[PDB]
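Text of model24.csv, listed as CSV, N, CA and C atoms and all ligand atoms:
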chain,number,residue,atom,x,y,z
A,453,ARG,N,-4.0,-19.1,4.1
A,453,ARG,CA,-4.4,-20.1,3.1
A,453,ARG,C,-4.1,-21.5,3.7
A,454,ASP,N,-5.2,-22.3,3.8
A,454,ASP,CA,-5.1,-23.7,4.1
A,454,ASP,C,-4.4,-24.4,2.9
A,455,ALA,N,-3.3,-25.0,3.2
A,455,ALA,CA,-2.3,-25.3,2.1
A,455,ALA,C,-2.8,-26.2,1.1
A,456,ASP,N,-3.3,-27.4,1.5
A,456,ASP,CA,-3.7,-28.4,0.5
A,456,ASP,C,-5.1,-28.0,-0.2
A,457,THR,N,-5.9,-27.3,0.6
A,457,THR,CA,-7.3,-27.0,0.1
A,457,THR,C,-7.2,-25.7,-0.7
A,458,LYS,N,-6.2,-24.9,-0.5
A,458,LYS,CA,-6.0,-23.6,-1.2
A,458,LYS,C,-7.2,-22.7,-1.0
A,459,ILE,N,-7.7,-22.7,0.2
A,459,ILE,CA,-8.8,-21.8,0.5
A,459,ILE,C,-8.3,-20.8,1.6
A,460,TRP,N,-8.8,-19.6,1.5
A,460,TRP,CA,-8.4,-18.6,2.5
A,460,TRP,C,-9.5,-18.5,3.5
A,461,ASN,N,-9.1,-18.6,4.8
A,461,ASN,CA,-10.1,-18.5,5.9
A,461,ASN,C,-9.8,-17.2,6.7
A,462,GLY,N,-10.8,-16.6,7.2
A,462,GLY,CA,-10.6,-15.5,8.1
A,462,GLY,C,-11.1,-14.2,7.4
A,463,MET,N,-10.4,-13.1,7.8
A,463,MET,CA,-10.9,-11.8,7.3
A,463,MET,C,-10.5,-11.6,5.8
A,464,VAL,N,-9.3,-12.2,5.4
A,464,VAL,CA,-8.9,-12.1,4.0
A,464,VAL,C,-9.8,-13.0,3.2
A,465,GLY,N,-10.1,-14.2,3.7
A,465,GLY,CA,-11.0,-15.2,3.0
A,465,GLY,C,-12.5,-14.6,2.9
A,466,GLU,N,-12.8,-13.7,3.8
A,466,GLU,CA,-14.1,-13.0,3.6
A,466,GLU,C,-13.9,-11.9,2.6
A,467,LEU,N,-12.7,-11.3,2.4
A,467,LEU,CA,-12.5,-10.3,1.4
A,467,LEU,C,-12.3,-11.0,0.0
A,468,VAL,N,-11.8,-12.2,0.0
A,468,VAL,CA,-11.6,-12.9,-1.3
A,468,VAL,C,-12.9,-13.3,-1.9
A,469,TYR,N,-13.8,-13.9,-1.0
A,469,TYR,CA,-15.0,-14.6,-1.6
A,469,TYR,C,-16.1,-13.6,-1.8
A,470,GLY,N,-15.9,-12.3,-1.5
A,470,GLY,CA,-16.8,-11.2,-1.9
A,470,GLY,C,-17.8,-10.9,-0.8
A,471,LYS,N,-17.6,-11.5,0.4
A,471,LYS,CA,-18.6,-11.2,1.5
A,471,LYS,C,-18.5,-9.8,2.1
A,472,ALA,N,-17.2,-9.3,2.2
A,472,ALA,CA,-16.9,-8.1,2.8
A,472,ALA,C,-16.4,-7.1,1.8
A,473,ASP,N,-16.4,-5.8,2.1
A,473,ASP,CA,-16.0,-4.8,1.1
A,473,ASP,C,-14.7,-4.2,1.5
A,474,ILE,N,-14.3,-4.2,2.8
A,474,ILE,CA,-13.1,-3.6,3.3
A,474,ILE,C,-12.8,-4.2,4.7
A,475,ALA,N,-11.5,-4.2,5.1
A,475,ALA,CA,-11.1,-4.6,6.4
A,475,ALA,C,-10.2,-3.6,7.0
A,476,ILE,N,-10.5,-3.1,8.1
A,476,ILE,CA,-9.6,-2.2,8.9
A,476,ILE,C,-9.3,-3.0,10.2
A,477,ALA,N,-8.1,-3.7,10.1
A,477,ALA,CA,-7.9,-4.8,11.1
A,477,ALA,C,-6.4,-4.7,11.4
A,478,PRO,N,-6.0,-5.4,12.5
A,478,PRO,CA,-4.5,-5.7,12.7
A,478,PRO,C,-4.0,-6.8,11.7
A,479,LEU,N,-4.0,-6.4,10.4
A,479,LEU,CA,-3.7,-7.4,9.4
A,479,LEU,C,-2.4,-7.0,8.7
A,480,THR,N,-1.3,-7.8,9.1
A,480,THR,CA,0.0,-7.5,8.6
A,480,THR,C,0.1,-7.8,7.1
A,481,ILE,N,0.9,-6.9,6.4
A,481,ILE,CA,1.0,-7.1,5.0
A,481,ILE,C,2.0,-8.1,4.6
A,482,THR,N,1.5,-9.1,3.8
A,482,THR,CA,2.3,-10.3,3.6
A,482,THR,C,2.3,-10.6,2.1
A,483,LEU,N,3.3,-11.2,1.6
A,483,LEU,CA,3.5,-11.5,0.2
A,483,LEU,C,2.4,-12.5,-0.3
A,484,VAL,N,2.1,-13.5,0.5
A,484,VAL,CA,1.1,-14.4,0.1
A,484,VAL,C,-0.3,-13.8,0.1
A,485,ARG,N,-0.5,-12.7,0.9
A,485,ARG,CA,-1.7,-12.0,0.9
A,485,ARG,C,-1.8,-10.9,-0.2
A,486,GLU,N,-0.6,-10.4,-0.6
A,486,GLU,CA,-0.6,-9.4,-1.6
A,486,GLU,C,-0.9,-9.9,-3.0
A,487,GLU,N,-0.6,-11.2,-3.2
A,487,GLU,CA,-0.9,-11.8,-4.5
A,487,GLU,C,-2.4,-12.0,-4.7
A,488,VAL,N,-3.2,-12.2,-3.6
A,488,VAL,CA,-4.6,-12.5,-3.8
A,488,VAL,C,-5.5,-11.3,-3.6
A,489,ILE,N,-5.1,-10.3,-2.8
A,489,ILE,CA,-6.0,-9.1,-2.6
A,489,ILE,C,-5.1,-7.9,-2.7
A,490,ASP,N,-5.7,-6.7,-2.5
A,490,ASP,CA,-5.0,-5.5,-2.5
A,490,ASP,C,-4.8,-5.0,-1.0
A,491,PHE,N,-3.8,-4.2,-0.8
A,491,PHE,CA,-3.6,-3.5,0.5
A,491,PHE,C,-3.3,-2.0,0.2
A,492,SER,N,-3.7,-1.2,1.3
A,492,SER,CA,-3.3,0.2,1.2
A,492,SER,C,-1.8,0.3,1.6
A,493,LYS,N,-1.4,1.5,1.7
A,493,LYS,CA,-0.1,1.8,2.4
A,493,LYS,C,-0.3,1.5,3.8
A,494,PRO,N,0.7,1.0,4.5
A,494,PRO,CA,0.5,0.6,5.9
A,494,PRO,C,0.3,1.9,6.8
A,495,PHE,N,-0.5,1.7,7.9
A,495,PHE,CA,-0.8,2.9,8.7
A,495,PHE,C,-0.1,2.9,10.0
A,496,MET,N,0.6,1.8,10.4
A,496,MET,CA,1.2,1.7,11.7
A,496,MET,C,2.3,0.7,11.6
A,497,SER,N,3.4,1.0,12.3
A,497,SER,CA,4.6,0.1,12.1
A,497,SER,C,4.8,-0.7,13.4
A,498,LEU,N,5.3,-1.9,13.2
A,498,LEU,CA,5.5,-2.9,14.3
A,498,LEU,C,6.6,-3.8,13.9
A,499,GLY,N,7.3,-4.3,14.9
A,499,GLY,CA,8.4,-5.3,14.6
A,499,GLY,C,8.5,-6.2,15.9
A,500,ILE,N,9.4,-7.2,15.7
A,500,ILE,CA,9.7,-8.1,16.8
A,500,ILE,C,10.5,-7.3,17.9
A,501,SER,N,10.0,-7.3,19.1
A,501,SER,CA,10.6,-6.5,20.2
A,501,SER,C,10.8,-7.4,21.4
B,453,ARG,N,5.7,20.3,-7.0
B,453,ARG,CA,4.9,21.1,-8.0
B,453,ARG,C,4.8,22.5,-7.4
B,454,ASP,N,5.2,23.5,-8.3
B,454,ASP,CA,5.0,24.9,-8.0
B,454,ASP,C,3.9,25.5,-8.9
B,455,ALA,N,2.9,26.1,-8.3
B,455,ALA,CA,1.7,26.5,-9.0
B,455,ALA,C,1.9,27.9,-9.7
B,456,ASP,N,3.1,28.4,-9.8
B,456,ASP,CA,3.4,29.6,-10.6
B,456,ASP,C,3.2,29.3,-12.1
B,457,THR,N,3.7,28.2,-12.5
B,457,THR,CA,3.4,27.7,-13.9
B,457,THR,C,2.7,26.4,-13.9
B,458,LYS,N,2.4,25.8,-12.7
B,458,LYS,CA,1.7,24.5,-12.5
B,458,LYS,C,2.5,23.4,-13.2
B,459,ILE,N,3.8,23.3,-13.0
B,459,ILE,CA,4.7,22.4,-13.6
B,459,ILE,C,5.4,21.6,-12.6
B,460,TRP,N,5.5,20.3,-12.8
B,460,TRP,CA,6.3,19.4,-11.9
B,460,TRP,C,7.8,19.5,-12.2
B,461,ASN,N,8.6,19.4,-11.2
B,461,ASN,CA,10.0,19.4,-11.4
B,461,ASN,C,10.7,18.1,-10.9
B,462,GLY,N,11.9,17.9,-11.2
B,462,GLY,CA,12.7,16.9,-10.6
B,462,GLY,C,12.4,15.5,-11.2
B,463,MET,N,12.5,14.5,-10.3
B,463,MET,CA,12.4,13.1,-10.7
B,463,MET,C,11.0,12.7,-11.0
B,464,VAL,N,10.0,13.2,-10.1
B,464,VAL,CA,8.6,13.0,-10.4
B,464,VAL,C,8.2,13.6,-11.7
B,465,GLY,N,8.8,14.8,-12.0
B,465,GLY,CA,8.5,15.4,-13.3
B,465,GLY,C,8.9,14.6,-14.5
B,466,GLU,N,10.0,13.8,-14.3
B,466,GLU,CA,10.4,12.9,-15.3
B,466,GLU,C,9.5,11.7,-15.3
B,467,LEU,N,8.9,11.3,-14.2
B,467,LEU,CA,8.0,10.2,-14.1
B,467,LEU,C,6.7,10.6,-14.8
B,468,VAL,N,6.2,11.8,-14.6
B,468,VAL,CA,4.8,12.2,-15.1
B,468,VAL,C,4.9,12.4,-16.6
B,469,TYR,N,6.0,13.0,-17.1
B,469,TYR,CA,6.0,13.5,-18.5
B,469,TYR,C,6.4,12.3,-19.4
B,470,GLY,N,7.3,11.5,-19.0
B,470,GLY,CA,7.7,10.3,-19.7
B,470,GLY,C,9.1,10.0,-19.8
B,471,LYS,N,10.0,10.8,-19.2
B,471,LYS,CA,11.4,10.5,-19.2
B,471,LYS,C,11.8,9.3,-18.4
B,472,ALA,N,11.0,9.0,-17.4
B,472,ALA,CA,11.4,8.0,-16.4
B,472,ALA,C,10.5,6.8,-16.4
B,473,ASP,N,11.0,5.6,-16.3
B,473,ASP,CA,10.2,4.4,-16.2
B,473,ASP,C,10.0,4.0,-14.8
B,474,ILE,N,10.9,4.4,-13.9
B,474,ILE,CA,10.9,4.1,-12.5
B,474,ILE,C,11.8,5.1,-11.8
B,475,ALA,N,11.5,5.3,-10.5
B,475,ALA,CA,12.3,6.3,-9.7
B,475,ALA,C,12.6,5.6,-8.4
B,476,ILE,N,13.7,4.8,-8.4
B,476,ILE,CA,14.2,4.2,-7.1
B,476,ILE,C,15.1,5.3,-6.5
B,477,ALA,N,14.6,5.9,-5.4
B,477,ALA,CA,15.2,7.1,-4.9
B,477,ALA,C,14.9,7.3,-3.5
B,478,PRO,N,15.4,8.4,-2.8
B,478,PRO,CA,14.9,8.8,-1.5
B,478,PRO,C,13.6,9.7,-1.7
B,479,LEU,N,12.6,9.1,-2.3
B,479,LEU,CA,11.4,9.8,-2.7
B,479,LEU,C,10.3,9.5,-1.7
B,480,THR,N,10.0,10.5,-0.9
B,480,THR,CA,9.0,10.2,0.2
B,480,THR,C,7.6,10.1,-0.3
B,481,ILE,N,6.9,9.1,0.1
B,481,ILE,CA,5.5,8.9,-0.3
B,481,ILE,C,4.6,10.0,0.3
B,482,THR,N,4.1,10.8,-0.6
B,482,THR,CA,3.2,11.9,-0.1
B,482,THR,C,1.9,11.8,-0.8
B,483,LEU,N,1.0,12.8,-0.6
B,483,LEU,CA,-0.3,12.8,-1.2
B,483,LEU,C,-0.3,13.4,-2.6
B,484,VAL,N,0.3,14.5,-2.8
B,484,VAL,CA,0.3,15.1,-4.2
B,484,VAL,C,1.2,14.4,-5.1
B,485,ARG,N,2.1,13.6,-4.6
B,485,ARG,CA,2.9,12.7,-5.5
B,485,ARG,C,2.1,11.4,-5.8
B,486,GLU,N,1.3,10.9,-4.9
B,486,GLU,CA,0.5,9.7,-5.1
B,486,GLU,C,-0.6,9.9,-6.2
B,487,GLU,N,-1.1,11.2,-6.2
B,487,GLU,CA,-2.2,11.4,-7.1
B,487,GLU,C,-1.7,11.4,-8.6
B,488,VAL,N,-0.5,11.7,-8.9
B,488,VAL,CA,0.0,11.8,-10.2
B,488,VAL,C,0.9,10.6,-10.6
B,489,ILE,N,1.6,10.0,-9.7
B,489,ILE,CA,2.4,8.8,-10.0
B,489,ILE,C,2.2,7.8,-8.8
B,490,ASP,N,2.4,6.5,-9.2
B,490,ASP,CA,2.2,5.4,-8.3
B,490,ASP,C,3.4,5.3,-7.3
B,491,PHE,N,3.1,4.8,-6.1
B,491,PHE,CA,4.1,4.3,-5.2
B,491,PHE,C,3.8,2.9,-4.8
B,492,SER,N,4.8,2.1,-4.6
B,492,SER,CA,4.5,0.8,-3.9
B,492,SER,C,4.4,1.0,-2.4
B,493,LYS,N,4.5,-0.1,-1.7
B,493,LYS,CA,4.7,-0.1,-0.3
B,493,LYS,C,6.1,0.4,0.0
B,494,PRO,N,6.3,1.2,1.1
B,494,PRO,CA,7.6,1.8,1.3
B,494,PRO,C,8.6,0.7,1.7
B,495,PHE,N,9.8,0.8,1.1
B,495,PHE,CA,10.9,-0.1,1.4
B,495,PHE,C,11.7,0.2,2.6
B,496,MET,N,11.7,1.5,3.1
B,496,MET,CA,12.5,1.9,4.2
B,496,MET,C,11.7,2.9,5.0
B,497,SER,N,11.8,2.7,6.4
B,497,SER,CA,11.0,3.6,7.3
B,497,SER,C,12.0,4.6,8.0
B,498,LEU,N,11.4,5.7,8.3
B,498,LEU,CA,12.2,6.8,8.8
B,498,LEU,C,11.2,7.9,9.4
B,499,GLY,N,11.8,8.9,10.0
B,499,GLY,CA,11.0,10.0,10.5
B,499,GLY,C,11.9,11.2,10.8
B,500,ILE,N,11.3,12.3,11.3
B,500,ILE,CA,12.1,13.4,11.7
B,500,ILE,C,12.8,13.1,13.1
B,501,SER,N,14.1,13.3,13.1
B,501,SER,CA,14.8,13.1,14.4
B,501,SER,C,15.8,14.2,14.6
C,394,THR,N,-24.2,-0.3,1.5
C,394,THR,CA,-23.5,-0.3,2.8
C,394,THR,C,-22.2,-1.0,2.7
C,395,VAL,N,-21.1,-0.3,3.0
C,395,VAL,CA,-19.8,-0.9,3.0
C,395,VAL,C,-19.5,-1.8,4.2
C,396,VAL,N,-19.1,-3.0,3.9
C,396,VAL,CA,-18.9,-4.0,5.0
C,396,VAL,C,-17.5,-4.0,5.5
C,397,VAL,N,-17.3,-3.7,6.8
C,397,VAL,CA,-16.1,-3.7,7.5
C,397,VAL,C,-16.0,-5.0,8.2
C,398,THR,N,-15.0,-5.9,7.9
C,398,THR,CA,-14.7,-7.1,8.7
C,398,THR,C,-13.5,-6.9,9.6
C,399,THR,N,-13.6,-7.2,10.8
C,399,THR,CA,-12.6,-7.0,11.8
C,399,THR,C,-12.5,-8.2,12.7
C,400,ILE,N,-11.4,-8.3,13.4
C,400,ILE,CA,-11.2,-9.4,14.4
C,400,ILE,C,-11.1,-8.7,15.8
C,401,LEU,N,-11.6,-9.4,16.8
C,401,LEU,CA,-11.7,-8.8,18.2
C,401,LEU,C,-10.4,-9.0,18.9
C,402,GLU,N,-9.6,-8.0,19.0
C,402,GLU,CA,-8.4,-8.0,19.8
C,402,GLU,C,-8.1,-6.6,20.3
C,403,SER,N,-7.8,-6.5,21.6
C,403,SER,CA,-7.5,-5.3,22.3
C,403,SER,C,-6.1,-4.8,21.8
D,601,LIG,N1,15.0,-2.0,8.2
D,601,LIG,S1,14.2,-0.9,7.4
D,601,LIG,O1,13.8,0.1,8.4
D,601,LIG,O2,14.9,-0.5,6.3
D,601,LIG,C1,12.7,-1.6,6.9
D,601,LIG,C2,11.6,-0.8,6.6
D,601,LIG,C3,10.4,-1.3,6.2
D,601,LIG,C4,10.2,-2.7,6.0
D,601,LIG,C5,11.3,-3.6,6.3
D,601,LIG,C6,12.5,-3.0,6.7
D,601,LIG,CL1,13.8,-4.1,7.1
D,601,LIG,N2,9.1,-3.3,5.6
D,601,LIG,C7,7.8,-2.6,6.0
D,601,LIG,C8,6.6,-3.4,5.6
D,601,LIG,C9,5.4,-2.5,5.4
D,601,LIG,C10,4.9,-2.8,3.9
D,601,LIG,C11,6.1,-2.3,3.1
D,601,LIG,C12,7.1,-3.1,3.2
D,601,LIG,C13,6.7,-4.2,4.2
D,601,LIG,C14,5.2,-4.3,3.9
D,601,LIG,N3,7.9,-1.3,5.3
D,601,LIG,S2,9.1,-0.3,5.8
D,601,LIG,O3,8.6,0.3,7.1
D,601,LIG,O4,9.4,0.6,4.8
Translate the structure of the given file into structure tokens.
Ligand SMILES: NS(=O)(=O)c1cc2c(cc1Cl)N[C@H]([C@H]1C[C@H]3C=C[C@@H]1C3)NS2(=O)=O
Amino acid sequence: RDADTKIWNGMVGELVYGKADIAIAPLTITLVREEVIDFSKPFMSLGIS
Amino acid sequence: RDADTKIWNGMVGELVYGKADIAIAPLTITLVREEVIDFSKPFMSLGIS
Amino acid sequence: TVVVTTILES
């Protein structure tokens, strides 16, 4: 989310504005993203390594 | 769930029937549990070791 | 048709 404009850009901003129906992407689950859209249960685990 | 009488047991059985408002537990997110009661995103990760 | 949006990353 661009902070002052409060617009979502990218794959989530495509899911927010109704252009796309689903995203199967390397899209990490984040609290700022969870407020605006839905997520499935995660399918793959990753951490700082 | 055991299909001899098709009855849920344990903590999920208290969730489905109405005894439980929440089950914060070592309750593994599965498929047959997800269909009858909700899970959030998992709070702790593990596997068979 | 269900729209899949993805990003290009190997
Ligand atoms: N340290 S840990 O293994 O208890 C652990 C385990 C997990 C954490 C974070 C930690 Cl610190 N968050 C991940 C993430 C996936 C989605 C659910 C919670 C966040 C978003 N889930 S997890 O895999 O359940």
Specify as a list in words all residues of chain A found within 7 Å of chain B, counting all atoms listed in the file.
-> residues 492, 493 and 494 of chain A
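Atom pair atom C of residue 395 in chain C / atom C of residue 469 in chain A has a distance of 13.7 Å (rounded to one decimal).
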Grab the atom C of residue 396 in chain C to atom C of residue 483 in chain A distance for me, in Å with one decimal place.
-> 22.4 Å
Using only N, CA and C atoms, determine which residues of chain A fall within 5 Å of chain C; present them as a ChimeraX atom specification.
-> /A:472-475
Test item: residues at most 8 Å from residue 453 in chain A, all atoms listed in the file, excluding those fewer than 2 positions along its chain, as a VMD selection string | chain A and resid 455 to 462 465 484 to 485
Using the selection just defined, write its residues with N, CA and C atoms as a PDB file, keeping the file's coordinate frame.
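The resulting file, again-v5.pdb, is shown below:
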ATOM      1  N   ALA A 455      -3.300 -25.000   3.200  1.00  0.00           N
ATOM      2  CA  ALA A 455      -2.300 -25.300   2.100  1.00  0.00           C
ATOM      3  C   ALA A 455      -2.800 -26.200   1.100  1.00  0.00           C
ATOM      4  N   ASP A 456      -3.300 -27.400   1.500  1.00  0.00           N
ATOM      5  CA  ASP A 456      -3.700 -28.400   0.500  1.00  0.00           C
ATOM      6  C   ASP A 456      -5.100 -28.000  -0.200  1.00  0.00           C
ATOM      7  N   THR A 457      -5.900 -27.300   0.600  1.00  0.00           N
ATOM      8  CA  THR A 457      -7.300 -27.000   0.100  1.00  0.00           C
ATOM      9  C   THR A 457      -7.200 -25.700  -0.700  1.00  0.00           C
ATOM     10  N   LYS A 458      -6.200 -24.900  -0.500  1.00  0.00           N
ATOM     11  CA  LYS A 458      -6.000 -23.600  -1.200  1.00  0.00           C
ATOM     12  C   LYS A 458      -7.200 -22.700  -1.000  1.00  0.00           C
ATOM     13  N   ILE A 459      -7.700 -22.700   0.200  1.00  0.00           N
ATOM     14  CA  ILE A 459      -8.800 -21.800   0.500  1.00  0.00           C
ATOM     15  C   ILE A 459      -8.300 -20.800   1.600  1.00  0.00           C
ATOM     16  N   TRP A 460      -8.800 -19.600   1.500  1.00  0.00           N
ATOM     17  CA  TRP A 460      -8.400 -18.600   2.500  1.00  0.00           C
ATOM     18  C   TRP A 460      -9.500 -18.500   3.500  1.00  0.00           C
ATOM     19  N   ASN A 461      -9.100 -18.600   4.800  1.00  0.00           N
ATOM     20  CA  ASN A 461     -10.100 -18.500   5.900  1.00  0.00           C
ATOM     21  C   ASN A 461      -9.800 -17.200   6.700  1.00  0.00           C
ATOM     22  N   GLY A 462     -10.800 -16.600   7.200  1.00  0.00           N
ATOM     23  CA  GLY A 462     -10.600 -15.500   8.100  1.00  0.00           C
ATOM     24  C   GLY A 462     -11.100 -14.200   7.400  1.00  0.00           C
ATOM     25  N   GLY A 465     -10.100 -14.200   3.700  1.00  0.00           N
ATOM     26  CA  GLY A 465     -11.000 -15.200   3.000  1.00  0.00           C
ATOM     27  C   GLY A 465     -12.500 -14.600   2.900  1.00  0.00           C
ATOM     28  N   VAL A 484       2.100 -13.500   0.500  1.00  0.00           N
ATOM     29  CA  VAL A 484       1.100 -14.400   0.100  1.00  0.00           C
ATOM     30  C   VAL A 484      -0.300 -13.800   0.100  1.00  0.00           C
ATOM     31  N   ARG A 485      -0.500 -12.700   0.900  1.00  0.00           N
ATOM     32  CA  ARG A 485      -1.700 -12.000   0.900  1.00  0.00           C
ATOM     33  C   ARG A 485      -1.800 -10.900  -0.200  1.00  0.00           C
TER      34      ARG A 485
END
Kindly give the distance, in Å, that separates atom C6 of ligand LIG 601 (chain D) and CA of residue 501 in chain A, rounded to a single decimal.
->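 Between atom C6 of ligand LIG 601 (chain D) and CA of residue 501 in chain A the gap works out to 14.1 Å.
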Backbone-only DSSP, alpha helix (DSSP H) members of range 458-489 of chain A, as a list in words = residues 463, 464, 465, 466, 467, 468, 483, 484, 485, 486, 487 and 488 of chain A
Nearest candidate to ligand LIG 601 (chain D) (options A:464, A:489, A:482, A:500; using all atoms listed in the file) = A:482
